[PDB]
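Structure record follows, encoded as structure tokens.
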Amino acid sequence: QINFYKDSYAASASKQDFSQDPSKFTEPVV
Amino acid sequence: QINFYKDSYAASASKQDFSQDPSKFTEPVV
Amino acid sequence: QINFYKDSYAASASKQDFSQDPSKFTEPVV
Amino acid sequence: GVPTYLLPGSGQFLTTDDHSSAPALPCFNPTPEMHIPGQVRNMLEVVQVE
Amino acid sequence: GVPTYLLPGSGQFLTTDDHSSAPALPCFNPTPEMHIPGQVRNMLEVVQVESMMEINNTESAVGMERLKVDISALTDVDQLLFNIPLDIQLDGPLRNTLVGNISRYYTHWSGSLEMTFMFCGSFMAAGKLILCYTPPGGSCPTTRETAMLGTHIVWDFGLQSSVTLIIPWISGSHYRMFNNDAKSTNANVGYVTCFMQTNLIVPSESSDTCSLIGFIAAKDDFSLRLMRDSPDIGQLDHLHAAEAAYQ
Amino acid sequence: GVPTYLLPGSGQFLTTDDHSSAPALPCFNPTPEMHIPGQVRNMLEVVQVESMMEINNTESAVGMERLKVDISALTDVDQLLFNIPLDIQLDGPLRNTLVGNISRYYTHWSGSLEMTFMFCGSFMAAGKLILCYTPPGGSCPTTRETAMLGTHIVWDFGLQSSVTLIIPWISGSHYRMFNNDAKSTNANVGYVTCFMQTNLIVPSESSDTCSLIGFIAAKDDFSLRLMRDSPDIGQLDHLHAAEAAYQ
Amino acid sequence: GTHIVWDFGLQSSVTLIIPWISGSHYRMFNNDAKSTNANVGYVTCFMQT
Amino acid sequence: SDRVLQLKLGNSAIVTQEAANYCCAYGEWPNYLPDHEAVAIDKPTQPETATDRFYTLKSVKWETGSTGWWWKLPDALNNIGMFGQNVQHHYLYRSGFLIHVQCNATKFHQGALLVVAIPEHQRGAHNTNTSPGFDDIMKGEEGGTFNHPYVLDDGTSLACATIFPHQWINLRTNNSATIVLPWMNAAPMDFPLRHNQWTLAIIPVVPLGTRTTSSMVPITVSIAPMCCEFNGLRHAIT
Amino acid sequence: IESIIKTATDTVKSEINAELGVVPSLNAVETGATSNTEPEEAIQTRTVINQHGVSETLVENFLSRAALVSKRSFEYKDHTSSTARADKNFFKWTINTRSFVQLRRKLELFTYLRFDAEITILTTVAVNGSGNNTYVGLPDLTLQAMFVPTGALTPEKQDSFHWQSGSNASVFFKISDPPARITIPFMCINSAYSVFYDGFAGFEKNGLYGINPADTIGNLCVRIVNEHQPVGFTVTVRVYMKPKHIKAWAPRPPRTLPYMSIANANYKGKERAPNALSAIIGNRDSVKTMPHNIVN
Amino acid sequence: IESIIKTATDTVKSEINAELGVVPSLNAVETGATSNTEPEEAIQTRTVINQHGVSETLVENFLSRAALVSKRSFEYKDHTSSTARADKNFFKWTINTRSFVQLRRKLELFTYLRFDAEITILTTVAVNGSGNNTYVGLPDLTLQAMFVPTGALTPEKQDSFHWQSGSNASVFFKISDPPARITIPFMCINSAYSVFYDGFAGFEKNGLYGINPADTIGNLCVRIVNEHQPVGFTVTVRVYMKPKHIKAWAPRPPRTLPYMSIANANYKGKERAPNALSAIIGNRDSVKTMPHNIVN
Ligand SMILES: Cc1cc(CCCOc2c(C)cc(-c3noc(C(F)(F)F)n3)cc2C)on1
Ligand SMILES: Cc1cc(CCCOc2c(C)cc(-c3noc(C(F)(F)F)n3)cc2C)on1
């Protein structure tokens, strides 16, 4: 949003990660 | 106006809808 | 960052000096 | 920082003010819009009915 | 300077606000990221994994005994074996499941479910069952003739030990709710019942009582919203050693 | 005007905040910069310089006597001369070193160390030593056979009066910590021991007791983080003349 | 040592390979079973279940 | 049968004629530590065939009142062979594990086993504020049994344990289970004597039953370390 | 299949199926895989264009929510005759996330977590009623919150030299001010925090079990900068923590039994169901009974 | 070698070494140079790509941290009958950086320093309890902080004409306001401050030793602008200084013995170790003893 801070971890939450791999828990077979 | 919020529903009132169809209540006949 | 002040010494800390010469204390020989 | 000063009317709650407020439920997805008959966009359409 | 004025909500601490705050440790370098197996980016991946249903939530069932349903050989046709209350939002067989646990953190849900049953008898015990889902509106069917009229799967024991019954999203409204009113039209999902399509036939050297294990999971259709506090955890006092953190 | 609202943390004084403040003396011209020898831009340059270890931190050692280790001629083989506790974060030989002093201003450290030993006997005193670093996990080795199994250097006295033992960064975690718990898995670094590889042989006109000086420094691998208040300086009252500054 | 875990099933037979692990380039008949040039090792069977 | 599989892993080998599949935890395979993730600058030792091989543990009897068994890794494999020697002589290790659980019966036998690899299975005690002790956690090659398999011995649920890499041994279907676990840890390497990355739990969700002549039905566990590395060589510490 | 999922998947219309050798509804739970049966394969379906978003279940949204992590009340007064057990105008707290059940249970759904913390401090004051004290009014005090990392000395008095904070990070805030707010980075010496630790902290056998030394944080010392006054007050400081920039690994079963301690995962359960040791879910009459049966 | 260092150096793999005429592990401490032996040359190493940043040890980060430099309490009341020794509603402080040990020791790690100062003033008030006074409440007062450079006259009363401050820099601030904050430039008449001065201030032999005249700053006079009230109060003013835009020269050994005075580097040490005159580091039984030995 604004983040006039010099450290990158001071930014706000990053709620834009829409990638997912459910098959690593649902089909973990070969 | 400003709306630095991440959610679109947080914006202000949208008072710019000037389209209207009164005939759906005044002439609802064929 | 912002620094709307007319004097340059009023600015914030300048934490971007990554140059160094340790050999002036570790190998000060010829 | 930015130098600022507050104006009269600062911190007062006008019931007709038009601003954006904090979204209390982040990332909420409203129900998809569906077509409903008889939409009203101006109150002058209602008065035109006898 | 810039002329400004404060709006309502100025200086108030909303626990769900999304801003940037002052970095307390300047120039701090976090540990480099390393690859760890099993990363989760959406909570809908967890609910998609199937977990055991506590169908045998009855007295005289203790611990693991509540996680299996025992079926014997009957001398009457068309007999009802068990039914499952489909109320995740209330205490029942679906409550302590991955899908149930993660969904009880939200208020509105939508999508389809899958209910898998694994037969855990001997190799040469045979049978046929019928698993039925009934959309809401009436009483839970008690007879096979009434139960077959809804969604169902006829399951024949064989090399594949498991069957799946899909509880499809058949809803009038666009989502559903936790209500605490199981009979509400916005919450009730219907019923699930099991009947004997045939009998359970086993030889003399096989145990005459066999067991089924039930699992439930969500499909890709599933969706949750309106996050809330889960009613599954509480606190009446301070935990042990909690005050020692101040000594 | 501009509509605004104040966030949490408004009007609060964080001592590590990085902003610009009002210049109290406008149009002031600072003195022109002139070149001065020995400029420091990172504190990691200082720790890279080697300083004496206080290995002889025992009673009956006074002042400079604590900065050297005396070695004589022995009549038994494989004898242990001394060991060095590798706990910078606790009081020990490494505490009052450049690397130790600068590191005690931080909480997390990483990287490799070098431990140099200078032999300060006569020209025609001879000997061979073995310096051993033992990664953590067990007790400090007391015999040469057990000590040789870790990292080590065999040092032969000669024209070069000094030897170096590298304490390489062998850590499970990605950094280490000051803990005050020396036995913690996140803090313990191992041990350093010295044994006789051979004896110290000197002629009749040479002193039969010779001295070693130990130094420690950090390499380019070294890194520090999570700055804190050094526990090496305190204050129980006002310093003398401090109140006179108000008179 | 070298081993194979054998599970009874449709295939009624299993094979254990005794590979050539010798120091010398050949081996000998000796009549001294304990000789270093003759001894080959042992084969044992245990219950895995 | 239902499926056949062979697992070589060194000078050992296992053949199964009645299997379902094998599970790769989170769909990943063991690998050696790359240079861009390394921490310790010491050159590691990679014994390979000496340590990357199946070790078989003592068998446990499958009775009617059985609550389940657990083995913590690498604790169970410590003190076993060259892997144990390398663990004792080194300060850090790193390894995946190929786990094979064996259990067979007749076609008149019924019973279901859940074989699950829990990462960081931190245990709890029952009806006490004191934490589990060293002897409660470190059981070695013999492992332990589940006090309350219903809650997994940690206040959670056994019903949701299928979120972890798992398989089933359904006597009616198969007689073996196989799970491939990569290196699971927040650190690239770790001290083997004070922390367990994985816990293999075998739980009798469906009890063993039959009406034919009774026989001892054991369960065998074989663990093969994979891509083992060791850093920090010094004297043996056990 | 790793892809970008922004909405729930759509449904496709299906027809009558009768084909030999294909049994989509039959599965094998023993393989450890969840059933792959589709609704299109179990029933005859229609085409539905699904527009439900999935942004609310994102781990960031799921966990990025301020929750109470600390709450401490102490008397702000003259502490000359008070025993050496009360907080004499200040307190120190060993930071942890296991004291309040809601945040603890939400965090314990994963094996590994990596995030920055957003710390908010909210202070309230009340006038002491002990004895014959009156309301008087509420003073506007200044509080100092200092973060002491591991190995650093912590203050022993309200006016000790430690409070000068040459290098320690301190925040000075008034009660009349908004709640104080700072951000702490990902402080772990590892790539992620260990929510659960199947190990011991030290190199000997008497160390703590289940607490990872790598995840040690330090102490938060909070004092009132003002000197005491003729009347006593009670000051309550609440600390809320909000994770952000979150990465999660290895989801775990949720805890069913009530928490017993912050140091361990010990369990005893409720006396009766639900959430009892022998019965997590409440009992019904039989497996053929539904409690909320619609009867008309 | 002067270069840009942003991360710690990487490690390279090495092999077995046996070569005549090359002895990397042998050094000569007498030359005054630190050993140049590399880990690759002492042991057999592997390739490590090191990603550790080094921005936290930068002299700017190391020193740019607000620290208490002044703390003064005085009575705000009617001072008609008070002696000519108390602060009568105001005080003056001769600015110095040697009164509080943490900042002093951090600054004294270098021989020369050049920086601008960021000054923050934090004021607290308490109701006097002497006699039979009650709480009453805390007034919102206005304070004036005036910087008087060398040679300028300082106020002698709380209402003297000096406070009109025609040219002197003053700041007026309320207690209810955030702490006051200003910036002072690098005021030295030289290119850098002298943290240590091996000289005398005057041209005669009775001058002060160790204080550089070039580094003289001046006085900070703080008064309460409000006139006294029927009840007395105690006002405490704290002054914090934060260096910025820092340049450092000639690093020095850290001080081991406790500071004795702000005027000099006099030393006496603790009675016993650690940090005693005869033993800086605590004693152990012998050079063959380690205290924290892991025994199992
Ligand atoms: C899991 C897990 C989560 C965390 C992070 C918790 C962070 O704890 C705190 C808190 C609660 C407060 C402060 C704090 N309070 O005040 C200040 C300051 F003002 F001094 F800056 N810092 C610092 C930390 C690290 O650690 N492990
Ligand atoms: C070494 C070394 C470091 C320094 C710099 C210290 C600066 O001292 C001050 C302080 C503490 C406060 C003020 C000050 N307080 O208030 C005001 C104002 F409000 F009048 F502007 N100025 C001015 C100076 C130079 O000098 N030598």
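Letters A, B, ... are given to chains in the order of the sequence lines, protein chains preceding strands, and every chain is numbered from 1. All values below come from the heavy atoms of this structure, side chains included, with hydrogens, waters and symmetry mates left out. All ligand and atom numbering here is 1-based and tracks the order in the structure.
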Q | Over all atoms of both residues, closest heavy-atom pair of I/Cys221 and I/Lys92 | A | SG-CB, 4.0 Å

Q: Determine the minimum heavy-atom distance between E/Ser20 and A/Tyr5, stating which atoms define it.
A: O-CE1, 3.5 Å

Q) What residues, two or more places apart in sequence or in another chain, satisfy ring pair (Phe, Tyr, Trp, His ring centres under 6.0 Å) together with F/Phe28? A) none

Q: Please list, chain by chain and in numerical order, all residues satisfying side chain to side chain contact (heavy atoms under 4.5 Å, CB included) with E/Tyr246, sequence neighbours excluded.
A: E/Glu243, I/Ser70, I/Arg72, I/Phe91, I/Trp93

Q: Apply side-chain hydrogen bond (donor to acceptor under 3.5 Å, both in side chains) to the pair J/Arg65 and I/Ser167, showing each step before the final yes or no.
A: CA-CA 6 Å; J/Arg65 293 181 184 271; I/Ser167 309; 5.5 Å; no

Q) How would you list, by chain and number, the residues with a heavy atom under 4.0 angstrom from ligand 1? A) E/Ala24, F/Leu14, I/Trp93, I/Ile95, I/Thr97, I/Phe115, I/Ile119, I/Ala145, I/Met146, I/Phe147, I/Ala169, I/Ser170, I/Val171, I/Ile182, I/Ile184, I/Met187, I/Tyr193, I/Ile217, I/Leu220, I/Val239

Which atom pairs, one a donor and one an acceptor, fall under 3.5 Å between side chains of residues 112-120 of chain I and the rest of the protein, sequence neighbours left out?
| unit_1 | atom_1 | unit_2 | atom_2 | d |
| --- | --- | --- | --- | --- |
| I/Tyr112 | OH | H/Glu120 | OE2 | 3.1 |
| I/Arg114 | NH1 | E/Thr31 | O | 3.1 |
| I/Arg114 | NH1 | I/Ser191 | O | 2.9 |
| I/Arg114 | NH2 | E/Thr31 | O | 2.8 |
| I/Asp116 | OD1 | I/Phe186 | N | 3.1 |
| I/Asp116 | OD2 | I/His245 | ND1 | 2.5 |
| I/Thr120 | OG1 | I/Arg181 | NE | 3.2 |

